[PDB]
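See structure below.
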Amino acid sequence: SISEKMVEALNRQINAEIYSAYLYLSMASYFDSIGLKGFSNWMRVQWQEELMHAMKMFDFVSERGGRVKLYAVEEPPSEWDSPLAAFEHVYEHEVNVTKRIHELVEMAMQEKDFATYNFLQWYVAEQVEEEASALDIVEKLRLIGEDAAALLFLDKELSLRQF
Amino acid sequence: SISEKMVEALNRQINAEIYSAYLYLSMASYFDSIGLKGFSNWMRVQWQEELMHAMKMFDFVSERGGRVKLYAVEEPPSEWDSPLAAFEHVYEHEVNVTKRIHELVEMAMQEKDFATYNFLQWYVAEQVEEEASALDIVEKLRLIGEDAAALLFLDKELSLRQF
Amino acid sequence: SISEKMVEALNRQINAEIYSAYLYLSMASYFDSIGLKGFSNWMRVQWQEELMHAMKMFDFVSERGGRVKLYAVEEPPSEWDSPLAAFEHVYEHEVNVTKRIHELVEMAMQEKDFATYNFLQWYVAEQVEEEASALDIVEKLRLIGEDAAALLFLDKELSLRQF
Amino acid sequence: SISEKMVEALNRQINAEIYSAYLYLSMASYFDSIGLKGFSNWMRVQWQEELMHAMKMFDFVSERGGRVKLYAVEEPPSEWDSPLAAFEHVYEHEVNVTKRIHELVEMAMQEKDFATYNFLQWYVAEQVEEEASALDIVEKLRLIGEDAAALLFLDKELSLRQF
Amino acid sequence: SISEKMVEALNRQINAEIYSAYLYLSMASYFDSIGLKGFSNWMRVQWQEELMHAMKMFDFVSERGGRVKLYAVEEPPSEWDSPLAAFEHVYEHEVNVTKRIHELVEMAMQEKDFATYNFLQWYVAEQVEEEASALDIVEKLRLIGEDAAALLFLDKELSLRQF
Amino acid sequence: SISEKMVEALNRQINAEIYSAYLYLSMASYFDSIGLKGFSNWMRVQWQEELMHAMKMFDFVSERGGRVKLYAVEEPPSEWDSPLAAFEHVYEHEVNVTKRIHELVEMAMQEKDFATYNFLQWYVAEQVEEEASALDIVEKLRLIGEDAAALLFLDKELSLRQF
Amino acid sequence: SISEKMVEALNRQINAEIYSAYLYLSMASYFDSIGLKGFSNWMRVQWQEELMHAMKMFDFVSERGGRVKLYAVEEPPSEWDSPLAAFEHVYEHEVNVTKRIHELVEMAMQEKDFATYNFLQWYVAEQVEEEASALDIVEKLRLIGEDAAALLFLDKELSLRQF
């Protein structure tokens, strides 16, 4: 069934997804440090969601008879210049994750691994949803600029996100 | 306000709890590879529990006005000789975690960080329950030996664990 | 049995807790005087909570067979430069109360008064939470600066606090 | 627009009500010391009641656009010859609070502060109730003499009072 | 893993806790024999509570991987001079138990047995509560003296205690 | 009228019932140390049952106007070669208890103590029930031999027993 | 077949049981006269209880194919020196009934009337209970002496008894 090369690639993507979760956890600490618990909540939910994406893939590898190997998770950045900068990095990060998925889809096609190709379609669609969510918040923060009231208000809205 | 030195030691312990979670996730992969989905379930719940313990500490540091910094997570082992060998490593690992907590407690004492000392007591108590759970499973696996019926029976019982 | 030295120290701490309550009542009057009834509500809740903490210690002294003696409660300050100034004084005061508890813990240890030592751990944890709550509000007030939409927004949030 | 002289008198009465509370809290310590936890209960409810009366006047001053100023609270007595003697002092003290209320009412009339005059009528009526309640208990304690079954029966009755 | 010396000390305490229960069962027989079934009820509940306290420590030793060793439970007194004398002996006994706990806690500190030290804090606090309850009753009985109405009244109250 | 000789004999049997409880508590420790928490549960339940049986006789002696004297409870064995050997010992112990009841009954007969004779009939029936349960478990363990799967299956079954 | 001899003995015992009821009714009249309606209530319930005991033996004689013959019921005593004396007489009377029962049982064994022997065991047990309830009240009445608050308190408790 699934090739060793695809197993390795999927295992790297599991690592990338776990790293994503960890990056967002780092941002949650950043937001706590400046008193934005609502923004921190957003990140904490996001951390939970990425772990869930990693586990879906973890399960898939094992389902195809492959063996998941776990790799080191790199230390993430820990400081941003502002909420706006944090969210622009979220967007940029998710654009890169989308590129990784894109390459995995290409690789499945090239290998005629139809099961993995089909499985990755969920991630193609999920990445669209993620980039859009980040971009929407980036747009708002650009509008907000240095307006404290507007920031505190968005913080309250973000505190409502749940897992 | 929590001291810099204690913030560093607690950020280290957060990393150790995350690593513990990750080690158990790796064990989950090992158990999947040998078709023991119940044992795998046990490890997946344990992975979620360790992440909860890490977040509790994460929150405590931030609450005392400290800054949580996330560090690289070590690549865990991925192979064990047997179910019994895996759970013996769970036990050994937890004993080591208990020792790190011990040294954390001693450090809070020596610095008269009464808040952290009191906070850590929850972890001291938690480590007792963790070692005992792992040891009870080790005890059963030694009894089981090569008894395939006994092994699958335990597997099924472990499958019932929830988070 | 509980020493007279300890009874006296605990009676002084009971006074300090009643004074803390009184200080927050005074800040309540101050926030009422500038049209911030939400901040005032937060203070009125805090005054009730401090009296509960005092009563808890009142009961313990009696329970250990000691006699509670009540002392004069000093007149507290009644004016602050700004809402931010007030909450910075809240934080500074709570830091001071944490110091008192710290020295009570030390005294309990010195005297090998294990029951008092243990009783005081509740206050060690409670002080962590109180500092954290005051610190959060200070963080937001710094962020708020002069933005009235922001102040009134915070005022409204604080008005939802209940005892 | 409330008078400054009336703001001062009312602030003075707020202090007297808080002192009353404090007097009763001290009697609660006294009753605990001689093992009468029911009598202690009665005083603790009474301490809560007096604080409530204080708060009602605190809000009225602020509602009238006055500025509540908090003053030092006197150290109360802490020992009484007997339960009977304690409640005779409660009665005596209440008669004296009633005198102050009376002088505040006269003052309100004199200054034609109709709003304060009307507000103070609640306190006029309330004092009738408090004097009556203390006197009824004095009456019982005189009947009781040294009959221990009778004291403990009253103690049990008092322990049922709720705030 | 818990040290052999500590296992021994904890086993001795388990025996002390079981003897305590047994002492109260004996007191229960004494109260039955003088028509004080309410008092007997109080003792029977206490016998149940002490065994529950023993069992918690029994469980803790086992969980730390120690082996509980059970020792003979000594023969308690079967007669007291009066209800007051029985309860004075309850108090005196609980003070002795408290000293045992105190020495156990010191031993834990000295051995740097943080898990046990922490476990014992629950017993530290439980003893405070127990001594207070006993003293309360002792104080009542001193007051009651030879007053049969008061004795029967207290008997009725004690008959309401439940486990 | 209950003879002193019968009161003494019943007191000795009350003691034997408590020893039984204590013996099962010791087996509970044994079963814990070898990983069989289910067998331990059975013992824990049995220990509570024996105390209840003891309390019933405790109450009957008091009821007949006797005075229950509690005697030292001797130290029980603490170790066995195997689960089977432990349960063979349970059976052997219950047979011995049965002969003690038998002797008590013969004694009641000889003294024409009809009330005691009647009362003991409950114990004669209960012994039948208790011997049979122990025997059924002994039969299963003989069947089980060294079969680990069968042993763990019994253990889970025994874990469901409740008090 | 139940002997004519046993039928007669049983009929005389039915008479004895109806007489017991009548004695207690007479005591009800006594307590009513001295204003103790709670004590009277206990007696009336006892009258009902004894009639029921009589009826069970009435039904048994008929069930064995015997013929119940009713005999005259004697006039009972109507006066006692005090509540304590009445209750001492309750006790003494029950001891006498217990001796009747004891002799009926001996008669049953002697005649090898196993059915009657077995039936009587209910009465052996019941007499134990009756003696115990009477004795507990006697013990309380000794305690009470001339204490009126005490006697009236007992009176109140007894008023709660129901059929």
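Because the Cβ atoms are built from the backbone with ideal geometry, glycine has one as well, and the counts that use them run over all protein chains shown. Values in this text are rule-based calculations from the coordinates and carry no lab data.
Order of E:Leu51, F:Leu158 from fewest to most other C-beta atoms within 10 Å?
Starting with the residue having the fewest Cβ neighbours, the order is F:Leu158, E:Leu51.
Give the average, rounded to an integer, of partner chain Cβ atoms located within 10 angstrom of each Cβ in C:65-74.
6
Taking the Cα centre of region C:65-134 as origin and charging only Cβ (+1 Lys, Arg; -1 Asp, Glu), how large is the dipole, in debye to the nearest 20?
520 debye
Two-decimal Rg/Rh of region E:27-102 from alpha-carbon positions, Kirkwood Rh?
That ratio equals 1.05.
Across chain B, how many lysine pairs separated by 8 or more positions, or lying on different chains, have Cα atoms within less than 21 Å?
Eligible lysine pairs with Cα atoms under 21 Å apart amount to 10.
For helix C:114-144, report the angle its Cα long axis makes with the longest principal axis of the Cα atoms of chain C; keep it between 0 and 90° and round to the nearest 10°.
10 degrees
For chain D, with a Gaussian network of springs between Cα atoms less than 10 Å apart, report the residue from D:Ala86, D:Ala54, D:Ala21 with the top mean-square fluctuation.
Of D:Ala86, D:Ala54, D:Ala21, the most mobile in the Gaussian network model is D:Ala86.
Using unit Cβ charges (K, R positive; D, E negative) and no other charged atoms, how large, in debye to the nearest 20, is the dipole of the protein assembly as shown about its Cα centre?
1060 debye
Which residue, B:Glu74, B:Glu146, B:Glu88, tops the fluctuation ranking in a GNM of chain B built on C-alpha contacts under 10 Å?
Fluctuation is largest for B:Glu146.
Over the Cα atoms, compute the radius of gyration (one decimal) and Dmax (the largest Cα-Cα distance, rounded to a whole number) for chain B, in Å.
Rg and Dmax of chain B, Cα atoms, are 17.3, 56 Å.
Name the residue, out of G:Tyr22, G:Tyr123, G:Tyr71, whose mean-square fluctuation peaks in a Gaussian network model built on chain G with Cα pairs under 10 Å.
Looking only at G:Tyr22, G:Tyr123, G:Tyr71, the largest GNM fluctuation is found for G:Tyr71.
With N set to the residue count of region A:59-139, report its C-alpha Rg divided by 2.2 N^0.38 Å to two decimal places.
With N residues counted in region A:59-139, Rg over 2.2 N^0.38 Å equals 1.35.
As a check on your grasp of the helix formula, calculate [θ] at 222 nm for the protein assembly as shown: sum -39500 (n - 2.57) over DSSP H runs of n ≥ 4, divide by the residue count, round to the nearest 500.
Result for the protein assembly as shown, helices only: -28000 deg cm²/dmol.
Taking the Cα atoms only, what angle lies between the long axis of helix G:4-33 and the longest principal axis of chain G, rounded to 10 degrees?
Roughly 10 degrees, rounded to the nearest 10.
Taking each residue of C:108-120 in turn, how many C-beta atoms of other protein chains fall within 10 Å of its C-beta, and what is the average?
Mean shielding count: 4.
Select from D:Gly66, D:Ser82, D:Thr116 the residue farthest towards the positive end of the dipole of region D:35-163; place +1 on Cβ of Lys and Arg, -1 on Cβ of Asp and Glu, and compute about the Cα centre.
D:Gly66
Compute the distance from the alpha-carbon center of region E:60-111 to that of region G:72-134, in whole Å.
46 Å
Counting alpha carbon pairs within less than 8 Å and at least 6 residues apart, what relative contact order, in whole percent, applies to chain D?
Value for chain D: 32 percent.
Taking each pair of distinct Cα atoms in the protein assembly as shown once, what is the resulting Kirkwood hydrodynamic radius in Å?
Mean inverse Cα-Cα distance, inverted, gives 36.3 Å.
Mind checking which chain C residue has its Cβ closest to the axis relating C to B, and how many whole Å off it is?
It is C:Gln121, 5, counting Cβ atoms only.
Against the longest principal axis of chain D, how steep is helix D:83-110, in degrees 0 to 90 to the nearest 10, with axes from Cα atoms?
Here the helix axis deviates by roughly 10 degrees.
Counting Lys and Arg as +1 and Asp and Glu as -1, each charge on the Cβ, what is the dipole of chain B about the Cα centre in debye, to the nearest 20?
Taking the Cα centre of chain B as origin, the dipole is about 500 debye.
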